[PDB]
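Tertiary structure, described
Okay, here's what each chain looks like letter by letter:
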Protein chains: 2
Amino acid sequence: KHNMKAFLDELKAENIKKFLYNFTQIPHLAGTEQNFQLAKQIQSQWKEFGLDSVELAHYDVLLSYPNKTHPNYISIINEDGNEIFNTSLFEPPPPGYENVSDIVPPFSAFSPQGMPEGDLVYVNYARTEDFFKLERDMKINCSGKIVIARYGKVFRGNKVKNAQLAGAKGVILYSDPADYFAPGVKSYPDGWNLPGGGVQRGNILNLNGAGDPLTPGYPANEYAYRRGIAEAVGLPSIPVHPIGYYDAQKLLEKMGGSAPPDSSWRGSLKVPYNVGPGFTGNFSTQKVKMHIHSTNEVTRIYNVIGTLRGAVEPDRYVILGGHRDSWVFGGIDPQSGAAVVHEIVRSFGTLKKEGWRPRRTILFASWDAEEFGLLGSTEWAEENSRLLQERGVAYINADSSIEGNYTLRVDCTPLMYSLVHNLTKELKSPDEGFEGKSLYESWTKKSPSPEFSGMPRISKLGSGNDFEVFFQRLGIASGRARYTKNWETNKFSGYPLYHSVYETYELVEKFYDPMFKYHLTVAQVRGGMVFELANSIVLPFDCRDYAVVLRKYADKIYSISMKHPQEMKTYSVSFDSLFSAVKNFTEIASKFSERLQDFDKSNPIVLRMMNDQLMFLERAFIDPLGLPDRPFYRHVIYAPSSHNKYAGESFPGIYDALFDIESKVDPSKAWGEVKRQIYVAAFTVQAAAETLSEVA
Amino acid sequence: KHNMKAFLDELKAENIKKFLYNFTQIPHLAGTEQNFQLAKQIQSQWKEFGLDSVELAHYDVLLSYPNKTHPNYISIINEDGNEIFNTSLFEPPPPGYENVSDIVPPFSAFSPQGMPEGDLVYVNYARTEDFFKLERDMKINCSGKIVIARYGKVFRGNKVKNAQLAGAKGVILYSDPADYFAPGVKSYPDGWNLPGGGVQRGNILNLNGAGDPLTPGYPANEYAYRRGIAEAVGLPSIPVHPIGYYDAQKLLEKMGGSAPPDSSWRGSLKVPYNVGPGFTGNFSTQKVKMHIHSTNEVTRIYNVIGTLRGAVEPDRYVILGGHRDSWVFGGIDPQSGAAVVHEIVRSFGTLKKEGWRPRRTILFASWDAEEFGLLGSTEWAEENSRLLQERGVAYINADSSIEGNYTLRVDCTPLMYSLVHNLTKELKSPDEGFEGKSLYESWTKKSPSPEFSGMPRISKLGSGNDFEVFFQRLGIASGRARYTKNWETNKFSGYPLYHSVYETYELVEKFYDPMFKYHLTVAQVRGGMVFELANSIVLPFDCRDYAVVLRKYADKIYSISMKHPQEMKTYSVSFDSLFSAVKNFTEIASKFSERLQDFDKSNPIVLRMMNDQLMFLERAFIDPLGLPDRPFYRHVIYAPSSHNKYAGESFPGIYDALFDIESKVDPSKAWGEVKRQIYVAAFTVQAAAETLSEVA
Ligand SMILES: *[C@@H]1O[C@H](CO)[C@@H](O[C@@H]2O[C@H](CO)[C@@H](O[C@@H]3O[C@H](CO)[C@@H](O)[C@H](O[C@H]4O[C@H](CO)[C@@H](O)[C@H](O)[C@@H]4O)[C@@H]3O)[C@H](O)[C@H]2NC(C)=O)[C@H](O)[C@H]1NC(C)=O
Ligand SMILES: *[C@@H]1O[C@H](CO)[C@@H](O[C@@H]2O[C@H](CO)[C@@H](O[C@@H]3O[C@H](CO)[C@@H](O)[C@H](O[C@H]4O[C@H](CO)[C@@H](O)[C@H](O)[C@@H]4O)[C@@H]3O)[C@H](O)[C@H]2NC(C)=O)[C@H](O)[C@H]1NC(C)=O
Ligand SMILES: *[C@@H]1O[C@H](CO)[C@@H](O[C@@H]2O[C@H](CO)[C@@H](O)[C@H](O)[C@H]2NC(C)=O)[C@H](O)[C@H]1NC(C)=O
Ligand SMILES: *[C@@H]1O[C@H](CO)[C@@H](O[C@@H]2O[C@H](CO)[C@@H](O)[C@H](O)[C@H]2NC(C)=O)[C@H](O)[C@H]1NC(C)=O
Ligand SMILES: *[C@@H]1O[C@H](CO)[C@@H](O[C@@H]2O[C@H](CO)[C@@H](O)[C@H](O)[C@H]2NC(C)=O)[C@H](O)[C@H]1NC(C)=O
Ligand SMILES: *[C@@H]1O[C@H](CO)[C@@H](O[C@@H]2O[C@H](CO)[C@@H](O)[C@H](O)[C@H]2NC(C)=O)[C@H](O)[C@H]1NC(C)=O
Ligand SMILES: *[C@@H]1O[C@H](CO)[C@@H](O[C@@H]2O[C@H](CO)[C@@H](O)[C@H](O)[C@H]2NC(C)=O)[C@H](O)[C@H]1NC(C)=O
Ligand SMILES: *[C@@H]1O[C@H](CO)[C@@H](O[C@@H]2O[C@H](CO)[C@@H](O)[C@H](O)[C@H]2NC(C)=O)[C@H](O)[C@H]1NC(C)=O
Ligand SMILES: *[C@@H]1O[C@H](CO)[C@@H](O[C@@H]2O[C@H](CO)[C@@H](O)[C@H](O)[C@H]2NC(C)=O)[C@H](O)[C@H]1NC(C)=O
Ligand SMILES: *[C@@H]1O[C@H](CO)[C@@H](O[C@@H]2O[C@H](CO)[C@@H](O)[C@H](O)[C@H]2NC(C)=O)[C@H](O)[C@H]1NC(C)=O
Ligand SMILES: *[C@@H]1O[C@H](CO)[C@@H](O)[C@H](O)[C@H]1NC(C)=O
Ligand SMILES: *[C@@H]1O[C@H](CO)[C@@H](O)[C@H](O)[C@H]1NC(C)=O
Ligand SMILES: *[C@@H]1O[C@H](CO)[C@@H](O)[C@H](O)[C@H]1NC(C)=O
Ligand SMILES: *[C@@H]1O[C@H](CO)[C@@H](O)[C@H](O)[C@H]1NC(C)=O
Ligand SMILES: [Ca+2]
Ligand SMILES: [Ca+2]
Ligand SMILES: [Cl-]
Ligand SMILES: [Cl-]
Ligand SMILES: [Zn+2]
Ligand SMILES: [Zn+2]
Ligand SMILES: [Zn+2]
Ligand SMILES: [Zn+2]
């Protein structure tokens, strides 16, 4: 039989390992020749594996690279202007790659050039609340200071935006061992910890979903009209550079001014973590100087797009997508995911060669330039937005397959909760101690849901990966899954070797997944989801699971507002309409579910009608006017947090209207905007509910 | 048989006449009790006629009304401040209606209150080119002047916007006999001409598609959050009032300053048409004073929405819609159209009662508050936008059925050209001299197309009626048809009694259509279109007809640009991408047409696929970011002219970027924006073409 079991049994751990080795021997930086060669290889292999067509889709987008003959670095400079200490020009390469060429040195992609000189202020994680504490409570002014911040807790672009708004003239990012050195584990190559010379690369844009900074709204094709740099979306206005903790120790050890306000501000290095500004008395005339010479340049990128045409509904698309570009070797990010996609394509192609076809069309994508702001996925979706809007059933992301070896992690739309529960109950757990038990059982045991008991945790989608354009711009049901570390020990900073030269095939093979069993489990979960989405007669979405979460989010946002009972009285701020809409959604969704079970199974138009209502339900939460000042975040239920792009926020328009509202100087205006966002949310929920009513 | 002939033969001229009489005995002003009573009547009758459901959908929107105890009027005031001449407080009522109550007096809906006093400037039709001529050529400054403009040529809202931007402090609109008195025809009640005491009502908003001024984007339902007046969309900032030509003669006869610049500026009254400013020497100290006391008020309106559920595709909607609210009796506008819709509903209901159902669902709408800015249609479409986006096949408008008695007029999307040609070839001409000939033959003979010979004229959709939200906001294929006057004699100002108290049942029965044969012909054309759209197995749209017009519009916009060859050289302004896209569209559309003819007729999914490609083709021309500063005009091929809302403009984004470009002070920026709009248009055309490619 050609069923899901046939598909699943064809997936092999050993193939995933061979592909991972193959994809991680040389760097595949976006816009470089090596990454175009790899694209051409994947295109040729997907063709051999049996897909119907495999094409490259290219775009010319703004990228950013250090200047090879003028390297970036930071100094301590004395009153004469002698540079008495210099940060490193490169990470020490790992064993056996010390002769690899074209390792891009650590830098912050999209930083402007400059050589600012000044006194340091230490700003902890440079979160919105860190700056509140500095400015409001401690009275420290960052205006014209260079700020130093530890990586972790929030996306680095938000840190840089927050420093810029505080008036900083430069930002230094570093990895603290508190956040990137796990107790009792050795540094690479002897374990999976970050060495003191290790540095995390990463872009520092604030794109808010725009894609290529120069062409928001439209694909960066051959005739595209580009904004000038000064009108580009999302570029930082102050120089930024990342360093490791050996160098950070040298910059921090002399810090003076105020003490850290409390222990949440202290990392693990042997320094006081003083906030500053500037250095202690003896060194008070030394300053810090950055030298940044990176350049932004329009550069061609390439996505690989494979198609496996559907037998029954070829005009319905189920998409499995993940990126291919890496900062260096990409041993975890992204190639642990790309190897998994490669083996999924191979398995589907095996079934195809024997004459099977899925019911719906399956699109496979190897995206480029994800590391530079989701550019490949977003330019392609801009180009194909009309096809995706009217035909896109679901998007499953496929970046890193592992970030730990403890249990499953799934983030997805409520529409996929039931599908995920059911599929995982049919898969074998790879975990020690759960031999012969289901993945569902191990996952539920190790990662209990906060709400439900007997159920596993499934998180909201945030952002910082290639599903953003599909989910929050276009409203296509989306999900992601990988193996992860313990939620109980999770400091939310990323695995220690994230975006460092030490993320290699050996890291994975030696320390994360030597038998490739977690990789195989993730290939079964991602591939299983794609299979069910592309092949189930009725789309495997349960609208009633959205009803349950909508009530939870409505409770949550009401609770936030209720911290201000006096203002809700004064301005007549009612959540009645939103609760009403969520009640209606629950009632209509219950009735639609009854019809979906009871409908005449013989009638295909009835079937295509009800599958269209399921497909367009995520679509209904899109507001074409977008959220305030963020036109590409159009989903009313979920947006990336305005304070941390990685995190999802629910009822984002109402959340942001309420955030810090006690500080607004015109409360009437502020609470008016809260009411406006309540109206928009209640309306959108009711309208989405009405798409599930009988059609006529 | 229940086929189109059965439907068409059931329509009766005599029923349309009875309904028109019934709908025109009392005024049905939006927001009044009389118009709610009529809504309730139509709801009850559509139920009796056999529709499956008939509901009222209500909204609370901003309307505008004179103050009953403080009437509007204009004076000539002498240096003491005695008002030596006053304009009329009402139109003389026609014979037999002199005792009708609640005739709203002439006023400009949405005018602010004020009593500005000043010197007059005469501005011809207050068109963009009229103001260019005054300011640039004649050096007349309108700043702080009251301007007087004759109605005609362009929508009155554009006149008021243009006066406001010239710095006027008030605007007086009047009907010139040059534009509203046909040679040789008597004034009402003895003929169809406008008497000197006649006045044209009408709103003066510039909504640009927004709907209710207080709730742009969202329906004005019970919990809606409303903008304050100062942030409302589209309201004029200077007082405005309309008058007839007896009163206008009194205001104009004393005009001094400059002579009219040429004869295109002179109407037919016995006055010099001097431009001013102010009056001749002896009267130079007399001024003009307005007194406007109308108020804007949120008021409930009611749409009637009837549903005839489809037998095969109930989730596909074909909509026949026209408004019900009138300025006074609405003998032509809108009730000549509403009577036609009433008889169409009756005929469909007859077939339904015998067991027939159309293939697709048919929605019938009686919209409210069209006269106040398309408010009823637009609030409903805002409420139901997700259903309409994913399910709307077509919208046929049904305002006035007649504006003359000469020949057919059709304005529609190219997608409906073939349907209209074919249907009219099967209908009988009602015209004298074409007895036993087809409507197609009479229409082609009397209204030849400028491009084609052997073909009839079919115009672009403009705006100023209830299809605007469906076509230019949501991208649903739309059309309209009515009987019209001779294009050769057409001065484009409207029929003479437009929006006057003299537009009555008698006007129509005595002077326009005594046998109701033109009404019947229009019921056959509108109803015939709805029938074919709701019942044809393959949707009756021909994508190749869009390809032909796209090439015509691309030629036209290129020709405009080519008036500036030096700048196109300097700034490298190329139309190559747009011509390329139009070529591709033509090629793909030709191939799609071959498949549509050759496809396996047995396969319904193949059928639903190809009907979806046809339905979403108009949808593909929507840009979700909208046109510059006009977020509700989202169609890239057609928008209402920025200088005249009634007229359609093709490639509007490129047209406006080119308009008056030789006057822009930064030509580099201006031609940059031209290039941007070329890129957007070429991209949208290519993307729409790609929706017709094979799907996978
Ligand atoms: C959840 O679904 C429910 C039930 O299906 C839906 O209920 C609707 O509630 C609205 C809003 O209250 C009702 O609106 C009323 O409609 C009647 C005519 O049917 C009007 O007379 C009412 O207006 C009067 O009263 C108002 C309130 O006091 C006054 O402000 C006003 O001036 C009038 O005097 C009012 O408009 C509507 O009838 C029901 N519909 C149905 C089918 O029951 C509810 O709105 C849904 N929730 C959301 C968030 O959409
Ligand atoms: C109408 O349809 C046609 C044909 O189907 C479609 O043609 C496409 O044209 C584009 C734009 O010219 C082609 O793009 C080229 O693609 C190749 C790789 O296939 C690139 O090497 C080319 O780039 C080089 O040359 C450029 C131009 O001189 C340089 O600027 C650049 O730096 C590179 O050196 C170029 O990107 C594309 O291959 C074809 N596609 C096909 C299938 O033939 C055309 O674009 C359509 N019109 C519109 C408006 O979409
Ligand atoms: C990764 O695997 C690919 C595919 O097996 C290798 O590319 C092949 O290399 C052989 C021998 O050099 C060529 O003859 C083939 O044409 C290549 N095939 C394709 C599709 O490119 C590649 O060498 C491997 N890379 C590494 C680093 O091992
Ligand atoms: C840090 O790097 C800087 C720049 O390379 C060094 O300063 C330079 O030293 C060279 C060699 O002595 C001089 O010729 C240049 O004039 C100096 N350049 C600048 C910009 O100051 C500096 O010596 C290094 N400091 C340490 C401690 O290694
Ligand atoms: C792979 O799994 C092992 C086993 O759980 C992890 O190591 C254990 O984890 C905790 C530290 O959080 C310790 O208390 C145990 O003592 C560890 N056992 C052993 C044998 O080391 C290991 O951390 C995982 N590898 C990765 C990269 O996460
Ligand atoms: C997940 O599996 C459950 C249990 O099989 C499915 O729920 C059943 O669906 C069948 C088939 O329609 C119904 O007749 C049963 O009554 C359902 N059982 C329960 C407890 O609800 C569910 O539909 C599956 N979810 C998905 C998305 O496929
Ligand atoms: C317009 O026609 C309607 C429907 O025939 C008339 O309304 C009916 O009036 C009768 C007698 O007064 C009532 O008993 C019915 O209940 C009404 N029916 C409905 C559906 O409203 C109405 O009187 C006519 N109006 C005019 C001006 O002639
Ligand atoms: C035009 O109308 C105005 C306002 O009604 C007239 O002026 C008023 O006349 C009455 C009666 O004489 C006075 O009591 C008011 O004081 C006047 N009001 C104002 C605002 O001036 C005026 O007489 C009328 N002019 C003509 C020629 O009929
Ligand atoms: C109804 O049709 C008649 C016949 O065409 C129109 O009157 C004629 O039209 C032109 C004026 O444009 C004259 O040259 C003829 O002499 C007229 N003939 C007659 C008998 O009047 C009439 O204008 C139409 N009615 C309306 C309201 O448009
Ligand atoms: C308008 O009528 C024409 C002529 O009947 C239709 O074109 C024909 O369609 C048939 C049926 O598919 C084809 O086999 C013929 O070859 C077509 N003839 C020509 C000359 O094209 C046309 O499809 C109708 N248009 C609409 C929208 O229904
Ligand atoms: C990089 O720096 C060098 C050497 O100082 C300079 O000549 C060149 O302009 C720079 N390259 C780029 C791409 O900016
Ligand atoms: C911070 O410094 C700058 C001037 O050096 C000033 O404009 C700004 O107001 C200061 N703010 C505070 C709160 O000290
Ligand atoms: C209309 O004018 C009267 C009488 O001068 C005034 O008392 C009333 O306020 C006005 N009515 C409205 C609705 O503005
Ligand atoms: C028109 O009048 C006002 C001042 O009365 C002035 O601001 C404006 O510049 C004038 N413009 C011209 C062109 O005369
Ligand atoms: Ca873009
Ligand atoms: Ca609205
Ligand atoms: Cl992922
Ligand atoms: Cl119309
Ligand atoms: Zn990644
Ligand atoms: Zn990454
Ligand atoms: Zn009308
Ligand atoms: Zn009208």
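Residues numbered from 1 in each chain as written, not as in the entry; some residues may be left out. Chains lettered and ligands numbered in written order. Heavy atoms only, no water. Residues with missing side-chain atoms left out of burial classes, pairs and counts.

Per the PDB entry, chain A goes by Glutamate carboxypeptidase 2 and derives from Homo sapiens. The record for the entry shows the title "Crystal Structure of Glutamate Carboxypeptidase II in a complex with urea-based inhibitor". UniProt, in the comment section headed Subunit, describes chain A in these words: "Homodimer." (UniProt positions renumbered as here; feature names shortened; annotations may be inferred.)

Observations concerning the site of ligand 10
Residues and elements named next belong to chain B. Taken together, the neighbourhood of ligand 10 is formed by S418, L419, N422, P540 and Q597. In the environment of ligand 10, a nitrogen atom lies 2.7 Å from a nitrogen or oxygen atom belonging to the side chain of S418. Residue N422 places a side-chain N or O atom 2.3 Å away from an oxygen atom belonging to ligand 10. For ligand 10, whose unbound accessible area comes to 590 Å², protein coverage reaches 32%. The leading source of residues in the shell around ligand 10 is helix 11 (residues 417-424), at 3 residues. The residue inventory of the shell around ligand 10, partitioned by class, reads 2 nonpolar, 3 polar and no charged. (Near = heavy atom within 4 Å. Polar contact = N/O pair within 3.5 Å; in protein donor to acceptor, adjacent residues only side chain to side chain. Areas by Shrake-Rupley, 256 points an atom, 1.4 Å probe, with all protein chains shown as cover. Helix = DSSP H or I, 4+ residues; strand = E, 2+ residues; numbered from the N terminus. Nonpolar A, V, L, I, M, F, W, Y, C, P; charged D, E, K, R; others polar.)

Looking at the relation of the copies chain B and chain A
When chain B is fitted to chain A, the best match, at an RMSD of 0.0 Å, comes from turning it 180° and sliding it 0.0 Å along the axis. Expressed as an axis order, the relation between the two copies is that of a two-fold axis. Taking the C-alpha atom as reference, chain B places B:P624 closest to the rotation axis, 3.3 Å from it. (Least-squares fit on C-alpha atoms.)

Section: the coordination of the zinc ion (ligand 20)
All names here are of chain A. The coordination sphere of the zinc ion (ligand 20) contains the protein donors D333 (OD), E371 (OE), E371 (OE) and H499 (NE2), at a distance range of 2.0 to 2.5 Å. One can describe the site at the zinc ion (ligand 20) as irregular: its 4 donor atoms subtend angles covering 56 to 156° at the metal. Mapped onto the polypeptide sequence, the residues donating to the zinc ion (ligand 20) form the spacing pattern D-x37-E-x127-H. The distance between the zinc ion (ligand 20) and the zinc ion (ligand 19) comes to 3.3 Å, with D333 serving as a donor to both metals. Residue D333 is located in the loop between strand 13 (313-323) and helix 8 (335-353), and its partner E371 is located in the loop between strand 14 (360-367) and helix 9 (375-383); the two are separated by 38 residues in the primary sequence. The same class applies to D333 as to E371, namely buried. (Donors = N, O, S within 2.8 Å, 3.2 Å for Na, K, Ca; no water. Tetrahedral: all angles 85-135°; square planar, octahedral: opposite > 155°, others 65-115°. Buried < 20%, exposed > 50% of the residue type's maximum accessible area, 1.4 Å probe, protein only.)

Quick look at the interface of chain B and chain A
With 53 residues of chain B in contact, the opposing surface of chain A contributes 53 residues. Buried area between chain B and chain A, summed over both chains or domains, comes out near 4600 Å², and the portion from carbon and sulfur atoms is 64%. For the chain B face of the interface with chain A, the top three residues by lost area are B:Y218, B:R386 and B:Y679, together amounting to 19%. In this structure, the connection of chain B to chain A is made through 4 salt bridges. The salt bridge partner of A:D612 is B:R608, with a shortest N-O separation of 3.4 Å. In this structure, the connection of chain B to chain A is made through 20 residue pairs in polar contact. Elements that contribute at least two residues to the side of chain B that touches chain A include exactly strand 13 (313-323), helix 9 (375-383), helix 10 (385-391), helix 19 (604-620) and helix 21 (667-690) of chain B. By residue number, the principal contributor to the side of chain B that touches chain A is helix 21 of chain B, which donates 10 residues. (Contact = heavy atoms within 4.5 Å. Buried area = accessible area lost by both parts, 1.4 Å probe. Salt bridge = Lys/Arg side-chain N within 4 Å of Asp/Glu carboxyl O.)

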